[PDB]
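>
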Amino acid sequence: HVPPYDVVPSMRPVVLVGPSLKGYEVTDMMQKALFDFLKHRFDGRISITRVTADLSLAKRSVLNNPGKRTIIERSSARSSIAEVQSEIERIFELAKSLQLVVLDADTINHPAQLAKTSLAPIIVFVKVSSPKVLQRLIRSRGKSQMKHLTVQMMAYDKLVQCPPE
Amino acid sequence: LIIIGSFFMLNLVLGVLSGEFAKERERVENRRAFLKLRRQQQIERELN
C-alpha cells in the first residue's frame, strides 16, 4: 500500500558515486577535486556535509518506532540504526534552507542502494571510460593499493553494468 | 639516355614500390598491429 505521495527534501541532496570504491586513494582524490570546485565556484550558496555513518538502512515501512529509546537495551536500540535514522532528517533542514547540500557518504557505492529511501538524491556518476586505464590508474598510487587492487575491479563493473538511466 | 635510362626508370621504381607498400599496410597481420597501437594510444590520452 505505497502512498501516492512520498516525503522528500525540498532541495535535492547530491551524492557522488566513485569509480570503484569509496574510502580509497584513487576514488578519494577522484572525489576531492569535485568537492573543492563545489566549495569555490558556488561559495556562499552551497554547504557540504560529511556523514561517516551509514545511510542504507533508511526504511519507512518496517515498524512504527524501532528502538525509540536507548534505555530499552533492545537489539536495535544499541545498534547503529539509531544514528542512521537521526541523520535522515538532518538533511531535511539543510534542504529547507535552500542552500545546496551534498552527501559525503563513505558507505554507499551503488545507485539503487539509496534509491528506495526517502532521500532520492541526485546521483553523480564519475567513471573511467575503460577498465584498462583504471587498473594502471590504481598502479600510480603505490604498492599499498596493490594489496587491495583485485576487489577494486569487481566493484567497478558491477557499478558499470547498472543501466545509465 | 639520361632521361629514359635514369629519370624514367626511377619513376617506375618509386611507383611500383609505393604500390607495394600500400598493399602491405592493409594486410591482416599488419592491420592488427596498428589496431593495437591505436588502442594503446587511446589509453594514454585518457590516463593522462
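Residue numbers (the deposited numbering), protein chains in the order written: chain C, 167 to 331; chain A, 343 to 390.
Note that the Cβ used here is the ideal one computed from N, Cα and C, for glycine as well.
1. What does the alpha-carbon distance come out to for the pair residue 273 (chain C) and residue 286 (chain C)?
2. Does chain A have any CB closer than 8 Å to the CB of residue 295 (chain C)?
3. Let's see if you can read the secondary structure: which residues bound the beta strand (DSSP E) around residue 310 (chain C)?
4. With H, G and I counted as helix, E and B as strand and the rest as coil, what does DSSP make of residue 283 (chain C)?
5. Name, please, each residue of chain A whose Cβ falls closer than 7 Å to the Cβ of residue 298 (chain C).
6. Based on DSSP bridge pairs, tell me the residues matched to residue 291 (chain C).
7. Does any CB atom of chain A fall closer than 8 Å to the CB of residue 325 (chain C)?
8. Given a cut-off of 8 Å on the beta-carbon distance, is the pair residue 181 (chain C) and residue 288 (chain C) in contact?
9. Which residues bound the beta strand (DSSP E) around residue 157 (chain C)?
10. Comparing the C-beta of residue 389 (chain A) with each C-beta of chain C, is any distance below 8 Å?
11. Could you tell me the alpha carbon to alpha carbon distance between residue 223 (chain C) and residue 311 (chain C), rounded to whole angstroms?
12. Leaving out five residues before and five after residue 307 (chain C) in sequence, what residues of the same chain have Cβ atoms less than 7 Å from its Cβ?
13. Indicate whether the contact test is met: 3 or more Cβ pairs, each with one atom in the segment 248 to 264 of chain C and one in the segment 211 to 230 of chain C, closer than 8 Å.
14. Would you check if the segment 195 to 210 of chain C and the segment 257 to 264 of chain C touch, i.e. whether three or more CB-CB distances between them fall below 8 Å?
Judging by the given coordinates:
1. Between residue 273 (chain C) and residue 286 (chain C), the C-alpha separation is close to 16 Å.
2. Chain A, which has a Cβ nearer than 8 Å to the Cβ of residue 295 (chain C), makes this yes.
3. Per DSSP, residue 310 (chain C) belongs to no beta strand (DSSP E); it is in the alpha helix (DSSP H), 310 to 313.
4. Looking at residue 283 (chain C) - three-state DSSP - the assignment turns out to be coil, as it is neither helix nor strand.
5. Contacts between residue 298 (chain C) and chain A, judged by CB atoms closer than 7 Å, involve 385 in chain order.
6. Note: residue 291 (chain C) sits in a beta bridge opposite C:183.
7. No - not a single Cβ of chain A is within 8 Å of the one on residue 325 (chain C).
8. Yes, they are a contact pair.
9. What the structure shows of chain C is the stretch from 167 to 331, and residue 157 (chain C) is not part of that stretch, so it cannot be assessed.
10. When Cβ-Cβ separations below 8 Å define contact, residue 389 (chain A) makes contact with chain C.
11. Looking at the two C-alpha atoms, the distance is approximately 29 Å.
12. Excluding positions up to five away in sequence, the list reads 191, 192.
13. Flag = yes, the segment 248 to 264 of chain C and the segment 211 to 230 of chain C touch.
14. When C-beta atoms of the segment 257 to 264 of chain C are compared with those of the segment 195 to 210 of chain C, fewer than three pairs fall below 8 Å, so the two segments do not count as touching.
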